[PDB]
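Structure record follows, encoded as C-alpha cells.
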Amino acid sequence: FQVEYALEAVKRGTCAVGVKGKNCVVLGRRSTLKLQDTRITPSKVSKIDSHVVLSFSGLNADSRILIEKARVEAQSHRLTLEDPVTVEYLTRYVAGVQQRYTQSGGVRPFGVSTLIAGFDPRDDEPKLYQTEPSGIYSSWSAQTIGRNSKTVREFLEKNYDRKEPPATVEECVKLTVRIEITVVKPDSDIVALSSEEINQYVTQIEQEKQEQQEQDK
Amino acid sequence: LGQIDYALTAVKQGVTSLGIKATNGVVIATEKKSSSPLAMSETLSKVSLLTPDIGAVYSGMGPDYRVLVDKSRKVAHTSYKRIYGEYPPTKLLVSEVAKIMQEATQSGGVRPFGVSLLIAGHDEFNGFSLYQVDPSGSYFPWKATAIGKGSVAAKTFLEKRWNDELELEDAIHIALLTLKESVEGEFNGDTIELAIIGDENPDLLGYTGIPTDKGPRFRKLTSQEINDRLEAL
Amino acid sequence: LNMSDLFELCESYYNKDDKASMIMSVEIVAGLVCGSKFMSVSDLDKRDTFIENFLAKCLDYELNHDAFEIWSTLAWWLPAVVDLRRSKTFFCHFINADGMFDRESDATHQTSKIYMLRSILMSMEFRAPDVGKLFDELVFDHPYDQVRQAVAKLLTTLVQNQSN
Amino acid sequence: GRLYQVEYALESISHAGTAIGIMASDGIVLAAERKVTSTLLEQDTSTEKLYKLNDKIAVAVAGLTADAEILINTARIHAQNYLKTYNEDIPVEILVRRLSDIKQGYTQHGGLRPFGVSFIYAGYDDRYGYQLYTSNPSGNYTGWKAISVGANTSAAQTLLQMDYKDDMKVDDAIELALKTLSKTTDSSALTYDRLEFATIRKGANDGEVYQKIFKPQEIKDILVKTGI
Amino acid sequence: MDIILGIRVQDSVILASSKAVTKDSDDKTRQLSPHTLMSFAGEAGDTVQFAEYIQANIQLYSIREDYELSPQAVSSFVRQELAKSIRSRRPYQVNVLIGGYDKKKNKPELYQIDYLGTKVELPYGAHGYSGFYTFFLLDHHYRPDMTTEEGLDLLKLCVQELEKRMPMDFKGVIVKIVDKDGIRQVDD
Amino acid sequence: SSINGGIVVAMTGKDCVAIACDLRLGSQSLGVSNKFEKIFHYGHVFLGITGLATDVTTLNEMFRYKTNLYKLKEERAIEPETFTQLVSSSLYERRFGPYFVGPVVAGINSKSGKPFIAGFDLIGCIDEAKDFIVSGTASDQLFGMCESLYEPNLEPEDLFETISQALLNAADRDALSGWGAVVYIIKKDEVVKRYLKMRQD
Amino acid sequence: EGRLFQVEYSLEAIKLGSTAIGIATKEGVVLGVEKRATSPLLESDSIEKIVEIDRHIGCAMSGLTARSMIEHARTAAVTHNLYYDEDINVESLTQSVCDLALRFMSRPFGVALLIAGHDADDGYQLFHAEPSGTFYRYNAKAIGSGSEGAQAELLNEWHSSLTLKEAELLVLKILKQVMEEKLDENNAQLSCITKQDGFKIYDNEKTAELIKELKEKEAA
C-alpha cells in the first residue's frame, strides 16, 4: 500500500492544532538538543501570504515543497487575476498537487498533512481547511493532526461548541496543549506569538487549575 | 554485488599494465597479448595519446577502451579547448573521463565499462601526475600503481621499490622489471608497450618558427628502444 | 556516606526539562527500592518516608508526557525484579491514588495513573495484594474515551489475575 | 512510512570519516579525519573532504565522493547565479535549503539513488553572522552550535556536550575539536597527514577572509601546540 | 510625455510622478517592499505589466525569506530583467526610478534604470525630457545634508519650472516619501 | 553603440602596466553620471569595456561569474592570456548577435612576470600590441596621442604621467567624454588607483 | 485462455462507497446521495458528491470525490457552447466523458458516475457511465452500497408516470431502506434537474420537510 504508509508517516509527525473563532483563526516543536542553535529555526507555522497561513504535520522536507508550491501559486494567481488567492482555492490547489503526486506509481507521494487557515480578501469570515494525502481536503472548525489527534479532537469536541464561537481572540489562544501559536485576523493580519506570551498563557492555565483544585479538590 | 563489482572482476581478469611517477616524469607500461602469430601486433595499440602531454593505458575489455579513448579525445577539445585556447590539465581531463564512466554506470539500459584506466600527464602549476579511474567512476591519484591480473605482486614490488628521489630512468627500469616478473607469454620489444610523459620534444612538433610553441611531452617508445633497454636488464 | 546524599542526588536530578536527568532520578529510585535487603529498620523507615514524599511530589500535579514514559517503564520493571512488599509506601501511592476514577474531573492524568496501576498489577498477577476494592471504584460512565479504554484494560487485568 | 533507501544511505554514512564543526562567538572551525591509506596513494587530492562553495561558505563532507562532487558543483553554480542576479553574496540558509531540496527530490522520484552524503555547512552573512548547519540524505537541515557526523557520532556529541561553552574563542574551538577527534579515532593517535582543518573568522578589519584552509605544516604546528 | 523625478535627501527619498495618461488620477507607482517603491514611465501598458511582474517576484522573495531585499538587490534584479528583455522579442519600453531605505545601513537610496538596462544610482534623477528643465536647479540648490522639507520645496520649484517651461500639460504631480517608517503620500 | 560615450587606454611600461578610463555616462548630448567607472578586475587581471553601458555591466557580471567558477574548479587564479582567450570565445559565441562593446585586457602574468595588454573588436578578434591599446569614441585622438608620446620601457612614475596626459588630451577633443578620469598603475604586487582633475567637471 | 478481468474487477463497484440513486421523470431528474456521519464540528457543507456540470446537466458519484472527469465535462460543455452557441446534449457529454476515460482500452480509469440532464431532443435523460469507457441509458439507477436491493426496489416502483415530488419521495425511501432508518436531514442530500430552474441542490430545510412528509405518508 502507498496511501496507508504515507498516513502512518504522518502519524509520526509533531502535533498541530487549528481552531477558528468569531473573527480570528489560531494555528498551533520537539525538545531541542543542548548543542542546537534555535536562533535560526524554521517556524512550524508558515504564512503562504498576508491573509493565508499554513501549518504542516509529517515530513518537513516534503512539506517545504508543498509550501513553496502554494506560495508560487498564490503569487501566480495574484499576477494573473489581480486578486489575492482565497482560502478554498489554495486548499484545492494543494489537494490537487497531492492527488497528482499520489498517482504515477507513488512510492511516497508526500507523506504529510496540512492545515490551511485564514480569511478571504475583502471579507471577515474565518476559513479553516484540512488537507491529507490522496487529494482529500475537508473543512473544520477545530482540527488536530499528529501523534495524539484522537485525544485532542475529543477535548475540542467536549470543549469547543458549534453554537457560540469564541468572540474574543484571547480565549481562542488560551488552549491547553497538555508550543507555537499564530493568529490570523481580517484585513490581512498575521501575528506570531512570542515565548513570553505563551509562557504567560501556560502560567494562567496552571493558576486556574490550582484555583479549581483549591475550591473543590 | 552488482554490475560494478562484475566489471571490477573483468578488470582483474585483464592484462596487468603499470604506472610509476618519478620526480621528472611518469612511466606507463603494459603487455600486448595476441596468441596468434598470423595476427599483426603493430596494428593494435594499448597506450593511447589523449593530449600532447596526457596519455592513458588500460586493463580490461579492449573495445570499451577503444571507444573511451575517442570519447576522451573529443571531450578534451569540446569542453576545455576552443574556450581557453590550451589543453586541459590532467585533473580536469581525468574528471571528465570519470564523468563519462559514471554516466555509463548510472544510465538505464547500459552496462558499465569493463576497464580500469591509468592516466599519466603533466601540466603547469601542478607538475607531473598519475591517476587511476575505476569502472564505477571514481578516480584516485597515485605515486606508483598497477591493475589487471598480476596486480598484487606488482603492487608489492612497487611498494618495496618506490621512493621520493626516483628519476625517470629508474622508473623505466623498475617498470621493465615488474613487467618481466609477470609476463604471460614472450618478453621482447614487440610484446611490450611503454610510454613516458617527460620533457618536451621539439623534434616531434612538426614545424619551426614559433618559440613559445613547444613539443609534446608524451613519447611512445619504439621496439628498438625497448630492446636496447631490455639488453641492460 | 550518611544515607542522605542519595536523596539529594535524586531530588537534584529530577528536572522536568531534560529526559536523561529524569531517567537517572528514576534509576536512583529503583536502586533505593531494590537495595532494601541490606539496610536496617530505621533506614527502611527513612526510605519509605522519602519514597512517599517523592511520589507525592512527582506524580500528583502534572505530567509532561516525558516523565510518564519513565514512570510507566519503572512500574513495569520494578515488581519483576524485587518484591514491592519490602516498601510500605511505594505500592500504597498507586493503589490509593485519589481522583483516579473520578467521573467529572476534567482525563490524561487519570489515564496515566490507571495505566501505571495496571502495569503494577500485570507485573505480578496471582501473587498480588488484595485489590478487590477497585471492583467497587471502577466507573463505566466516564465521558472520556481514553479513560474508558483504560478502565476496560484494568478490568481485563483484574479478571485475569483472579482466574488462577 | 519508513524510507529504506534513506536508512541505507545513513548506515553507509555511519561508516565514513568523522567531521566536526564548532561555532564560536567570533568564528567557526571545521575539522575532518582522513582514513584511506595505501602507502602509495597521493594525499594531494586538493582537499579531500573540505570544500569551498564561495568566499563566505565552506562545507565538510561525509560519504560517497562522486555525489559530494556533484552537490558541491551545483552549490557553487547556485551561489554564482545568486551573486550575478542580486550583486550580493548568497545567504547560507538559502544555499543549504537549496541542497536539502535537491536531496529531498532525489529521495522521492524512482530510479534515482539517494545521496549517501552528509554535509556540514559553515558560513557567514550580515543577517545572522556565523551560521553552522547539518544536512542529511533525508533532506532535513538543522542549525547547531557544535555538531559531528561520520563514524563516532554519539561519542563525539557527548564529548562536545561535556566541554562546550557559548562564549568560546576560535582557538578554544580548535583545541576542543582536536581533543574530541583524538579521543574518538580508532587509530591510537592523531597525526597531521590524517587531518584536514579549516577556519572561518572575521578580524577587526571588515575584510571577511573566510577561506583559511590549513596547510599540513600548519596542522602539525597546531597539533604540537595543543599537545595531541 | 510623462514626468518622473526623484531626489535623495539625507534621510529620505522623494518621488514625483505625472498624473496624466493620454485620466488625471494616475498613480505610476508600485510598492515593491515596505521600504522600497518604484516609479515607471514610457510606453503603454507594458509598463504596468513589468511593474506587476517585478512586484510579484519581490513579494514572493519576501514571503519565502521573511526578510525584505535591500534596494541595491532590487535595482540589480530590475536591471537584469530589463537587460534580458532588450535582447529578445517583445522588449519592455520602461524607464524606472527605485527609491528605498536600507534598514541595515539606515540610509536612503535612489536608482535610475533606463529601458535598455543602464543603472546609475544618482543622488537625484529624472526620466524623459524633465531632466532638461530641472537639472539646473538640482545642480544649484541640492545639498547632501538637506532635510525632507527642503527637498519638498526644491521639488515644488522643479515642478513649477516644468509647468512653466514645458509645452506638454502633464496635469499636476503626485509625491511619495520613503523613509524609516515606510512609504507615505504627500497630500499637498 | 556610441550613445553613452567613454574611452579606455592601456599602455605597457617596464615591469608594469597602466590602464586609464573616463567616467562620463550620458544619453547622447545629456550628461547623466560622472562616476560610471569602466574598469574592473578579477584576480589580478583588469578589463576595461567601452560602448553600450548595459552591455558593459552585463559583460562585467558574466566575466566575474566565469572567473569565480574558474577559481573554484581549478584552485588557481586565471592568467591574462587565458582570460583573453575566454573573452574572445565569449564574444564570438554571440556571432550575428554581438555585444556592442570594445574590450581591453591588461595585467601581469603571475608566473612569467611579463606585462600583457590586448584589445578586442566587436566579435572578439584579439589584437595584441606591445605598446598600447585604445578604445572608445575618441580612438583617433587616443591613437595620435599614444603615437606621439609613448616610449618603450617607462618607469611607473613616467608611465602614469604619459597615460594621464594622453587620456586627458584625447578626452578634451571628444564631446562624449571628459567628466573625470581614473588611472590604474599595476605592478607585480602593488596596484595604485588615482583620480584626475580635469575641465568640464 | 485470456480476457480483460481488470475491467470486470473495476466494475465491481458495489462496495465503492455511499449509495447514489437517480430517478428520471417527465418533469425532472432527482439525484440523491448518502451523507457520511462525521464529527459534529466538521463543516458538512464541504462534502459534495452531487456536482453541477452546467445549468442543464448535473452529476452524482459514489466513490471518492478526488475530479478530472467533472472538470473535463464542464470544459466540454463550455467549449460546445462557445463553438455552436447552444447547449450540448446529455448523451454527447456522456460520450465525451467515456472517450476521456478510454483515451487516458485494457485498464479502467476514473469511477462510475450518474449523469442527469435535459435537452430539447430527448427531454430529461439519466445515464450511468462506467470506468470502462461505456455508458447506459437508465430509467432510475442506483450505485454504491446496497445497490442490488435498491435496484430491485426501483424495478418494482418505477412506472413512467411519476412526478418530481414522487421521485423525491422514492429516492428518500430507498435511501432510508439502504441506510436502515434514522435519516432526518444529515444522512442524505437531494438535488433536482428541471427545464426551467436548471440544476439545483435542495437546502437542509427542504430536505427536512420532505423527510417529514415521507414520515407522514408512512404513518398514513
Side-chain angles (χ1 to χ4, degrees), chain A residues 3 17-21 25 87-89 91-104 106 109-110 115-117 125-145 149-166 172, chain G residues 6 9-10 13 15-18 33-53 59 61-75 100-111 113 131 144 184-187 189 201 203-205 208:
Chain A
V3 180
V17 182
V19 181
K20 62 181 294 297
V25 206
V87 187
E88 190 174 15
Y89 187 94
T91 300
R92 181 170 59 255
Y93 173 83
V94 175
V97 172
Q98 281 185 327
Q99 196 275 340
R100 193 269 300 267
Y101 268 81
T102 49
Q103 315 305 291
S104 302
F110 279 101
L115 305 175
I116 303 184
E125 176 184 352
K127 257 67 181 300
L128 174 64
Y129 287 85
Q130 170 259 3
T131 313
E132 62 180 358
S134 294
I136 307 298
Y137 69 95
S138 180
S139 180
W140 300 87
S141 57
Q143 180 59 20
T144 304
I145 297 179
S149 299
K150 290 187 176 181
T151 303
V152 192
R153 277 191 292 270
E154 185 177 13
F155 180 87
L156 293 176
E157 291 165 12
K158 299 191 60 182
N159 293 268
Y160 181 83
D161 47 74
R162 289 281 286 98
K163 203 65 177 183
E164 37 104 18
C172 295
Chain G
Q6 298 291 345
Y9 295 162
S10 64
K15 55 99 185 301
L16 225 297
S18 59
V33 81
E34 156 186 342
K35 278 291 187 59
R36 307 300 185 89
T38 47
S39 180
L41 41 74
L42 173 140
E43 301 291 340
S44 58
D45 309 66
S46 59
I47 299 180
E48 295 181 0
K49 290 191 174 184
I50 298 180
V51 199
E52 172 186 355
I53 303 303
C59 183
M61 62 196 312
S62 177
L64 300 182
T65 58
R67 204 277 299 179
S68 302
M69 309 173 66
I70 306 172
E71 186 177 11
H72 171 81
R74 292 170 168 174
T75 302
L100 170 85
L102 289 174
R103 295 187 62 87
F104 303 90
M105 179 83 274
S106 60
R107 268 204 167 188
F109 182 78
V111 292
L113 294 180
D184 41 64
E185 62 274 346
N186 301 123
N187 301 332
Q189 190 180 29
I201 295 183
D203 49 348
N204 295 330
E205 286 72 18

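When reading the values below, keep in mind they use all heavy atoms of this one structure, side chains included, and skip hydrogens, waters and symmetry mates. Letters A, B, ... mirror the listed sequences (proteins, then strands); counts begin at 1.
- At a threshold of 4.5 Å between non-hydrogen side-chain atoms, the residues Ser134(A) and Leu64(G) do not count as touching.
- Taking the salt bridge (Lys or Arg N to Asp or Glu O under 4.0 Å) definition, one finds that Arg162(A) meets it with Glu43(G), sequence neighbours left out.
- For the pair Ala66(G) and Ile136(A), the tightest heavy-atom approach, listed with the atom from each and the gap, is CB-CD1, 3.7 Å.
- Crowding of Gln103(A) atom CD: a count of heavy atoms from other residues, nucleotides or ligands under 6.0 Å exceeding 12.
- Annotation for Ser141(A) and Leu41(G): closest pair OG-O, 2.7 Å, computed over non-hydrogen atoms.
- Residue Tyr89(A) qualifies as open at atom OH: its count of foreign heavy atoms under 6.0 Å is 12 or below.
- Residues from residues 44-52 of chain G that place a non-hydrogen atom less than 4.5 Å from a non-hydrogen atom of chain A comprise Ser46(G), given in numerical order.
- Contacts of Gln99(A) with chain G are made by side-chain atoms alone, with heavy-atom separations under 4.5 Å and no backbone atom involved.
- The 12-atom threshold is exceeded at CD of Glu157(A), counting heavy atoms of other residues, nucleotides or ligands nearer than 6.0 Å.
- Heavy atoms of other residues, nucleotides or ligands lying less than 6.0 angstrom from NZ of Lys158(A) number more than 12.
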